[PDB]
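Here is the file input.txt (compact mmCIF, C-alpha atoms and all ligand atoms).
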# COMPACT_ATOMS: atom_id res chain seq x y z
CA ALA D 3 -36.96 -12.21 129.66
CA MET D 4 -35.15 -12.22 126.29
CA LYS D 5 -35.90 -14.88 123.67
CA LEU D 6 -33.22 -14.28 121.07
CA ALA D 7 -33.18 -15.55 117.50
CA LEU D 8 -30.11 -15.95 115.35
CA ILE D 9 -30.24 -15.40 111.62
CA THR D 10 -27.49 -16.12 109.14
CA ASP D 11 -27.06 -17.32 105.58
CA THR D 12 -25.64 -20.48 104.04
CA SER D 13 -22.25 -18.81 103.41
CA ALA D 14 -21.54 -19.09 107.16
CA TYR D 15 -19.79 -22.30 108.12
CA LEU D 16 -21.60 -23.42 111.26
CA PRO D 17 -19.80 -25.34 114.06
CA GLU D 18 -21.13 -28.88 114.62
CA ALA D 19 -22.73 -28.01 118.03
CA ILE D 20 -24.69 -25.03 116.60
CA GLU D 21 -25.96 -26.66 113.34
CA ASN D 22 -29.53 -27.72 114.31
CA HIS D 23 -30.04 -25.29 117.18
CA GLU D 24 -33.68 -24.27 117.53
CA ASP D 25 -32.95 -20.53 117.70
CA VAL D 26 -30.75 -20.54 114.60
CA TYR D 27 -32.26 -19.60 111.21
CA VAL D 28 -30.35 -19.90 107.92
CA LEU D 29 -31.28 -18.02 104.76
CA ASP D 30 -30.38 -19.70 101.44
CA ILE D 31 -28.04 -18.12 98.87
CA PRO D 32 -28.88 -19.01 95.25
CA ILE D 33 -26.23 -19.90 92.69
CA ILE D 34 -26.92 -19.13 89.02
CA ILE D 35 -25.34 -21.47 86.48
CA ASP D 36 -26.72 -21.28 82.92
CA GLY D 37 -29.96 -20.79 84.91
CA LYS D 38 -29.56 -24.60 85.31
CA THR D 39 -29.16 -25.33 89.08
CA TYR D 40 -29.73 -23.07 92.05
CA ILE D 41 -29.75 -23.94 95.78
CA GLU D 42 -27.23 -26.21 97.50
CA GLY D 43 -28.93 -28.90 99.59
CA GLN D 44 -32.23 -28.76 97.68
CA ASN D 45 -31.46 -28.51 94.01
CA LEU D 46 -27.70 -29.00 93.79
CA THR D 47 -25.10 -31.13 95.57
CA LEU D 48 -21.46 -30.06 95.97
CA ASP D 49 -20.37 -32.77 93.49
CA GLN D 50 -22.92 -31.69 90.88
CA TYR D 51 -21.71 -28.13 91.43
CA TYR D 52 -18.10 -28.78 90.48
CA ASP D 53 -19.21 -30.92 87.54
CA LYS D 54 -21.40 -28.04 86.37
CA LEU D 55 -18.51 -25.63 86.99
CA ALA D 56 -16.08 -27.58 84.72
CA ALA D 57 -18.74 -27.92 81.98
CA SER D 58 -20.02 -24.31 81.62
CA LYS D 59 -18.38 -21.79 79.21
CA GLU D 60 -19.72 -18.88 81.28
CA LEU D 61 -18.98 -18.21 84.98
CA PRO D 62 -21.66 -18.86 87.60
CA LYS D 63 -23.13 -15.99 89.64
CA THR D 64 -24.73 -15.81 93.04
CA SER D 65 -27.59 -13.63 94.24
CA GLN D 66 -28.45 -12.15 97.62
CA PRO D 67 -30.71 -14.20 99.88
CA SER D 68 -34.40 -13.25 99.59
CA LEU D 69 -35.45 -9.99 101.30
CA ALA D 70 -38.97 -11.44 101.29
CA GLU D 71 -37.78 -14.58 103.09
CA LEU D 72 -36.07 -12.54 105.80
CA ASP D 73 -39.14 -10.31 106.06
CA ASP D 74 -41.47 -13.31 106.52
CA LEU D 75 -39.02 -14.98 108.94
CA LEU D 76 -38.91 -11.85 111.07
CA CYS D 77 -42.70 -11.75 111.26
CA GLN D 78 -42.78 -15.51 112.08
CA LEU D 79 -40.24 -15.04 114.90
CA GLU D 80 -42.31 -12.19 116.39
CA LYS D 81 -45.37 -14.46 116.63
CA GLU D 82 -43.28 -17.43 117.72
CA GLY D 83 -42.57 -15.26 120.83
CA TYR D 84 -38.95 -14.18 120.20
CA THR D 85 -38.00 -10.77 121.68
CA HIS D 86 -34.61 -10.01 120.14
CA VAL D 87 -32.91 -10.80 116.85
CA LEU D 88 -29.22 -10.88 115.84
CA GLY D 89 -28.62 -11.13 112.09
CA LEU D 90 -25.05 -12.16 111.17
CA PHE D 91 -24.79 -12.28 107.39
CA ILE D 92 -22.15 -12.26 104.66
CA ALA D 93 -19.79 -9.19 104.50
CA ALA D 94 -21.22 -5.84 103.26
CA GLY D 95 -18.07 -5.56 101.07
CA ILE D 96 -18.83 -8.69 99.02
CA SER D 97 -22.62 -8.41 98.67
CA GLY D 98 -25.12 -5.57 99.02
CA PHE D 99 -27.37 -7.79 101.12
CA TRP D 100 -26.28 -6.17 104.38
CA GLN D 101 -27.08 -2.68 103.08
CA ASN D 102 -30.28 -3.95 101.48
CA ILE D 103 -31.75 -5.49 104.65
CA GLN D 104 -31.24 -2.42 106.88
CA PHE D 105 -34.65 -0.84 106.32
CA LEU D 106 -36.22 -4.01 107.74
CA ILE D 107 -35.26 -3.00 111.30
CA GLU D 108 -37.78 -0.11 111.09
CA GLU D 109 -40.44 -2.44 109.57
CA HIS D 110 -40.51 -4.77 112.62
CA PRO D 111 -40.73 -2.41 115.60
CA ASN D 112 -41.96 -5.22 117.91
CA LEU D 113 -38.51 -6.86 117.96
CA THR D 114 -35.13 -5.53 119.01
CA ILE D 115 -32.94 -6.29 116.01
CA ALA D 116 -29.25 -5.88 115.24
CA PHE D 117 -27.69 -6.62 111.86
CA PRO D 118 -24.00 -5.69 112.43
CA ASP D 119 -21.72 -5.93 109.41
CA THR D 120 -19.76 -9.13 109.94
CA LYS D 121 -17.14 -8.14 107.34
CA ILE D 122 -16.47 -11.84 106.84
CA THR D 123 -18.02 -15.14 105.77
CA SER D 124 -17.44 -18.90 105.93
CA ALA D 125 -16.12 -20.13 109.32
CA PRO D 126 -15.53 -16.85 111.23
CA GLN D 127 -19.15 -15.97 110.41
CA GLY D 128 -20.36 -19.31 111.82
CA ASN D 129 -18.19 -18.86 114.87
CA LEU D 130 -19.88 -15.48 115.48
CA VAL D 131 -23.26 -17.19 115.53
CA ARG D 132 -21.97 -19.81 117.95
CA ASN D 133 -20.31 -17.10 120.11
CA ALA D 134 -23.49 -15.05 120.35
CA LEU D 135 -25.27 -18.23 121.44
CA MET D 136 -22.95 -18.97 124.37
CA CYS D 137 -23.23 -15.25 125.36
CA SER D 138 -27.01 -15.59 125.41
CA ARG D 139 -26.63 -18.85 127.34
CA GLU D 140 -24.44 -16.89 129.81
CA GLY D 141 -27.23 -14.42 130.75
CA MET D 142 -25.81 -11.46 128.82
CA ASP D 143 -27.96 -8.45 127.78
CA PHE D 144 -28.67 -7.89 124.11
CA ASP D 145 -26.62 -4.66 123.89
CA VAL D 146 -23.69 -6.37 125.60
CA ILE D 147 -23.84 -9.40 123.29
CA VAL D 148 -24.02 -7.07 120.24
CA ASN D 149 -21.10 -5.24 121.77
CA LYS D 150 -18.97 -8.36 122.29
CA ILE D 151 -19.77 -9.50 118.77
CA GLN D 152 -18.85 -6.13 117.15
CA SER D 153 -15.46 -6.10 118.89
CA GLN D 154 -15.07 -9.75 117.81
CA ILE D 155 -15.89 -8.72 114.26
CA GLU D 156 -12.84 -6.41 114.65
CA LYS D 157 -10.34 -9.17 115.45
CA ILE D 158 -11.54 -11.65 112.82
CA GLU D 159 -9.20 -12.03 109.84
CA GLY D 160 -9.58 -13.85 106.54
CA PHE D 161 -6.65 -14.52 104.21
CA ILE D 162 -6.85 -16.29 100.83
CA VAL D 163 -4.66 -17.65 98.09
CA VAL D 164 -6.52 -18.59 94.96
CA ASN D 165 -5.61 -20.86 92.10
CA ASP D 166 -6.93 -18.57 89.37
CA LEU D 167 -8.07 -15.00 89.74
CA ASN D 168 -10.77 -14.83 87.04
CA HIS D 169 -13.48 -15.78 89.52
CA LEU D 170 -12.47 -13.01 91.91
CA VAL D 171 -11.91 -10.38 89.21
CA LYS D 172 -14.84 -11.07 86.86
CA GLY D 173 -17.21 -12.01 89.70
CA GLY D 174 -16.16 -8.62 91.03
CA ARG D 175 -15.37 -9.33 94.69
CA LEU D 176 -11.70 -8.45 94.30
CA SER D 177 -11.62 -4.65 94.61
CA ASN D 178 -10.21 -2.66 91.64
CA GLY D 179 -9.65 -6.14 90.13
CA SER D 180 -9.97 -5.30 86.45
CA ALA D 181 -7.36 -2.54 86.92
CA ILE D 182 -4.86 -4.70 88.83
CA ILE D 183 -5.41 -8.16 87.25
CA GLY D 184 -2.61 -7.81 84.65
CA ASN D 185 -0.11 -7.44 87.52
CA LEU D 186 -1.25 -10.45 89.52
CA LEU D 187 -1.61 -13.07 86.78
CA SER D 188 2.00 -14.38 86.81
CA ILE D 189 2.22 -14.60 90.58
CA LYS D 190 0.47 -16.02 93.68
CA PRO D 191 -0.86 -13.04 95.69
CA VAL D 192 -2.04 -13.24 99.28
CA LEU D 193 -5.46 -11.60 99.66
CA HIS D 194 -7.39 -10.57 102.74
CA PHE D 195 -10.49 -8.78 104.02
CA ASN D 196 -10.29 -4.98 104.45
CA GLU D 197 -11.26 -2.83 107.39
CA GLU D 198 -14.43 -2.39 105.23
CA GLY D 199 -14.65 -6.15 104.70
CA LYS D 200 -13.56 -5.89 101.05
CA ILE D 201 -11.24 -8.37 99.45
CA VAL D 202 -7.98 -6.61 98.58
CA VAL D 203 -4.45 -7.78 97.84
CA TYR D 204 -2.48 -8.10 101.04
CA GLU D 205 0.86 -9.09 99.48
CA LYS D 206 2.42 -9.93 96.08
CA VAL D 207 4.00 -13.36 96.60
CA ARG D 208 5.73 -14.92 93.64
CA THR D 209 5.39 -18.68 94.20
CA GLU D 210 2.69 -20.98 95.59
CA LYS D 211 5.25 -22.51 98.00
CA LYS D 212 6.11 -19.10 99.43
CA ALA D 213 2.43 -18.16 99.33
CA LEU D 214 1.47 -20.97 101.70
CA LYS D 215 4.51 -20.37 103.92
CA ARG D 216 3.60 -16.69 104.01
CA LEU D 217 0.02 -17.63 105.10
CA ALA D 218 1.38 -19.62 108.08
CA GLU D 219 3.57 -16.66 109.08
CA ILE D 220 0.57 -14.32 108.84
CA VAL D 221 -1.50 -16.54 111.16
CA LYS D 222 1.29 -16.32 113.73
CA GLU D 223 1.27 -12.52 113.54
CA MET D 224 -2.49 -12.16 113.58
CA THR D 225 -3.03 -14.50 116.56
CA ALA D 226 -0.33 -12.94 118.75
CA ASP D 227 -2.84 -10.78 120.63
CA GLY D 228 -5.17 -13.43 122.09
CA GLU D 229 -6.89 -16.79 121.82
CA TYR D 230 -8.31 -17.63 118.38
CA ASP D 231 -10.31 -20.37 116.74
CA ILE D 232 -8.39 -21.02 113.47
CA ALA D 233 -9.90 -22.49 110.29
CA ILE D 234 -8.16 -23.62 107.12
CA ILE D 235 -10.74 -23.54 104.36
CA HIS D 236 -10.43 -24.80 100.79
CA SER D 237 -12.37 -25.38 97.59
CA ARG D 238 -11.10 -28.87 96.63
CA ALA D 239 -7.49 -28.01 97.58
CA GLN D 240 -6.92 -30.82 100.09
CA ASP D 241 -3.14 -30.81 99.58
CA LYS D 242 -2.77 -27.02 99.89
CA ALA D 243 -4.75 -27.15 103.18
CA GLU D 244 -2.83 -30.12 104.68
CA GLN D 245 0.35 -28.29 103.73
CA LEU D 246 -0.77 -25.11 105.50
CA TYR D 247 -1.99 -27.27 108.39
CA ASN D 248 1.50 -28.74 108.75
CA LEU D 249 3.13 -25.31 108.50
CA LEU D 250 0.84 -24.24 111.36
CA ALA D 251 1.36 -27.52 113.20
CA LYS D 252 5.11 -26.89 113.11
CA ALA D 253 4.58 -23.31 114.29
CA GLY D 254 2.80 -24.56 117.47
CA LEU D 255 -0.80 -23.70 116.45
CA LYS D 256 -2.28 -27.21 115.93
CA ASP D 257 -4.67 -26.96 118.89
CA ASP D 258 -7.45 -24.69 117.63
CA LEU D 259 -6.93 -25.70 113.99
CA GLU D 260 -9.64 -27.26 111.83
CA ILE D 261 -9.88 -28.02 108.10
CA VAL D 262 -13.22 -27.21 106.46
CA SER D 263 -14.57 -26.78 102.94
CA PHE D 264 -16.17 -23.96 100.99
CA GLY D 265 -19.59 -24.46 99.34
CA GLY D 266 -20.66 -23.49 95.81
CA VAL D 267 -21.43 -19.95 96.92
CA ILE D 268 -17.76 -19.12 97.72
CA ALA D 269 -16.30 -21.56 95.17
CA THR D 270 -18.18 -19.46 92.57
CA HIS D 271 -16.17 -16.34 93.54
CA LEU D 272 -12.89 -17.95 94.51
CA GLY D 273 -12.69 -20.67 91.86
CA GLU D 274 -11.66 -24.26 92.47
CA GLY D 275 -8.20 -24.86 93.98
CA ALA D 276 -8.55 -21.95 96.46
CA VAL D 277 -7.11 -22.07 100.03
CA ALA D 278 -7.77 -19.62 102.88
CA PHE D 279 -7.67 -19.21 106.59
CA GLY D 280 -10.02 -17.43 108.97
CA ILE D 281 -9.48 -16.61 112.64
CA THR D 282 -12.06 -15.72 115.28
CA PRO D 283 -11.50 -14.63 118.89
CA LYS D 284 -12.49 -17.21 121.47
CA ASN D 285 -15.65 -16.40 123.37
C1 LIG Z 301 -12.08 -16.79 105.90
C2 LIG Z 301 -12.83 -16.07 104.79
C3 LIG Z 301 -12.50 -16.60 103.41
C4 LIG Z 301 -13.73 -16.62 102.50
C5 LIG Z 301 -13.61 -15.71 101.27
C6 LIG Z 301 -14.98 -15.53 100.62
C7 LIG Z 301 -14.93 -14.72 99.34
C8 LIG Z 301 -16.00 -15.12 98.33
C9 LIG Z 301 -17.07 -14.06 98.15
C10 LIG Z 301 -18.50 -14.44 98.20
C11 LIG Z 301 -19.58 -13.62 97.51
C12 LIG Z 301 -20.91 -14.37 97.45
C13 LIG Z 301 -22.07 -13.39 97.62
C14 LIG Z 301 -23.49 -13.96 97.52
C15 LIG Z 301 -24.54 -12.85 97.32
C16 LIG Z 301 -24.70 -12.46 95.86
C17 LIG Z 301 -24.45 -10.96 95.65
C18 LIG Z 301 -24.89 -10.44 94.28
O1 LIG Z 301 -24.39 -10.85 93.19
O2 LIG Z 301 -25.78 -9.56 94.23
Is it possible to express this structure as structure tokens?
Amino acid sequence: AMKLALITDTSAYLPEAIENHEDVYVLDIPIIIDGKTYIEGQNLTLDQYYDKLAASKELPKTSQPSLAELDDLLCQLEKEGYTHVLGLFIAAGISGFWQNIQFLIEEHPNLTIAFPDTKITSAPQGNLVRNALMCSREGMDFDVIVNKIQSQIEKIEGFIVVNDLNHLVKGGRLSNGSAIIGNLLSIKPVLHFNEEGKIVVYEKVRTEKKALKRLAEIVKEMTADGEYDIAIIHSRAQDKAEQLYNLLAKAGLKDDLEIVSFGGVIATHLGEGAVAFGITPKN
């Protein structure tokens, strides 16, 4: 008789149906401005965020969610009667949170716990949570769910075109960024997540027009092997997303296509004006 909890962080973009689910727990990710404002939804709205972004002369940072909060949540779940836990957090390659939480599995021996590296964030992450839920709701064993999710983690893809690369380079989530930045400044590169879940340059594309067109072509390639939920995601780049939406509408892919926003967590590392897509296998 499994009672399974789902833990994630606020970088995951959660489907509408899964939002307020009673087995879903969401850890907060702090943003650090001048030390000024800190947690979206408590202490900082998205509009205040962008206002604070424009006005600072230093870049914002983020920090890992609290190890102590996870620790205390795990203990709370154990006494709330949960038997298994699946933790689906932000990519290991863009935050050491995944590596940092691993010891916690040994510290709570009264639960069966899996923290697989999602290698993604935003909407694919949220889709994983949702997927694991329907799997649970389908009577599937913990190892099998974990299994299905790991193989799903393998088909997920995340491609990005940013407006300005400083956020990615100086924030440090673009790999080898300070060595390659001089080459990318005059152009509009297409970026993606690695096999290790790192952000690397997929392709040098010279113009923004061709960049977006190239994104639509990439979606068509990536989704050729099955049925995918597709998300266009932007940080105040409405027009770039509607454009890509139309490119994908034309290509025949309108049906599982949704436009969603980034929060301050990812805006911090991507900058404003960013556009991306993420795909996730259908459950
Ligand atoms: C479809 C996927 C597109 C989304 C691209 C997301 C890239 C942005 C990267 C986010 C990094 C935020 C990490 C928060 C933890 C802080 C880690 C630290 O400084 O100690």
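Put simply, CA of residue 212 (chain D) is 15.8 Å away from CA of residue 252 (chain D).
Considering all atoms listed in the file, the residues that reside within 7 Å of ligand LIG 301 (chain Z) can be listed as residues 31, 63, 64, 65, 66, 67, 96, 97, 98, 99, 122, 123, 124, 125, 126, 159, 160, 161, 162, 175, 267, 268, 271, 272, 278, 279 and 280 of chain D.
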For region 14-29 of chain D, work out the shell of residues within 9 Å, counting all atoms listed in the file and skipping chain neighbours fewer than 5 positions away, then give it as a ChimeraX atom specification. /D:5-9,67-68,71-72,75,90-92,122-129,131-132,135,262-264
Closest of D:136, D:142, D:69, D:233 to residue 106 (chain D), counting all atoms listed in the file, is D:69
Which residue gives the smallest distance to residue 260 (chain D) among D:219, D:235, D:208, D:284, with all atoms listed in the file counted? D:235
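With all atoms listed in the file as the atoms that count, the residue of D:180, D:114, D:133, D:13 with the shortest distance to residue 33 (chain D) is D:13.
Between residue 275 (chain D) and the residues D:166, D:258, D:244, D:227, the shortest atom-to-atom distance, using only C-alpha atoms, involves D:166.
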Find the residues around residue 285 (chain D) up to 12 Å (all atoms listed in the file counted), leave out those fewer than 2 positions away in its own chain, and share them as a PyMOL selection string. chain D and resi 129-140+147+150-151+153-155+157+228-231+282-283
Preceding selection exported with C-alpha atoms as a short mmCIF file (atom, residue, chain, number, x, y, z; two decimals), in the coordinates of the input:
data_model
loop_
_atom_site.label_atom_id
_atom_site.label_comp_id
_atom_site.auth_asym_id
_atom_site.auth_seq_id
_atom_site.Cartn_x
_atom_site.Cartn_y
_atom_site.Cartn_z
CA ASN D 129 -18.19 -18.86 114.87
CA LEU D 130 -19.88 -15.48 115.48
CA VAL D 131 -23.26 -17.19 115.53
CA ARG D 132 -21.97 -19.81 117.95
CA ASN D 133 -20.31 -17.10 120.11
CA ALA D 134 -23.49 -15.05 120.35
CA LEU D 135 -25.27 -18.23 121.44
CA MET D 136 -22.95 -18.97 124.37
CA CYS D 137 -23.23 -15.25 125.36
CA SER D 138 -27.01 -15.59 125.41
CA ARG D 139 -26.63 -18.85 127.34
CA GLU D 140 -24.44 -16.89 129.81
CA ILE D 147 -23.84 -9.40 123.29
CA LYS D 150 -18.97 -8.36 122.29
CA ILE D 151 -19.77 -9.50 118.77
CA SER D 153 -15.46 -6.10 118.89
CA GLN D 154 -15.07 -9.75 117.81
CA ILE D 155 -15.89 -8.72 114.26
CA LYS D 157 -10.34 -9.17 115.45
CA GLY D 228 -5.17 -13.43 122.09
CA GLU D 229 -6.89 -16.79 121.82
CA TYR D 230 -8.31 -17.63 118.38
CA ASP D 231 -10.31 -20.37 116.74
CA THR D 282 -12.06 -15.72 115.28
CA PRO D 283 -11.50 -14.63 118.89
#
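Near residue 104 (chain D), within 10 Å and counting all atoms listed in the file, sit residues 99, 109, 116, 117 and 118 of chain D; same-chain residues fewer than 5 positions away were not included.
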When you look at residue 202 (chain D) with a cut-off of 6 Å (counting all atoms listed in the file), what residues show up, excluding the ones that are within fewer than 6 positions of it in the same chain? I need them as a VMD selection string. chain D and resid 176 to 177 193 to 194
CA of residue 4 (chain D) to CA of residue 102 (chain D), distance in Å rounded to a single decimal: 26.6 Å
Just give me the residues with any atom within 12 Å of (-3.3, -28.0, 116.6), file coordinates, counting all atoms listed in the file, written as a PyMOL selection string. chain D and resi 230-234+246-261
Size and centre in Å, one decimal, axis-aligned box, all listed region 127-143 of chain D atoms plus 4 Å per side, as lines of an AutoDock Vina configuration file:
center_x = -23.1
center_y = -14.1
center_z = 120.6
size_x = 17.8
size_y = 19.4
size_z = 28.3
Nearest to residue 83 (chain D) among D:237, D:112, D:206, D:10, with distances taken over only C-alpha atoms: which residue is it? D:112
As an exercise, work out the distance from CA of residue 191 (chain D) to CA of residue 205 (chain D) in Å and give it to one decimal place. 5.7 Å
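Nearest to residue 201 (chain D) of all the residues D:93, D:88, D:243, D:189 is D:93, counting only C-alpha atoms.
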Can you pull out the residues contacting region 185-188 of chain D? Cut-off 10 Å, using all atoms listed in the file, and skip same-chain residues under 2 positions away; I want them as a PyMOL selection string. chain D and resi 166-168+179+181-183+190-191+203+206-209
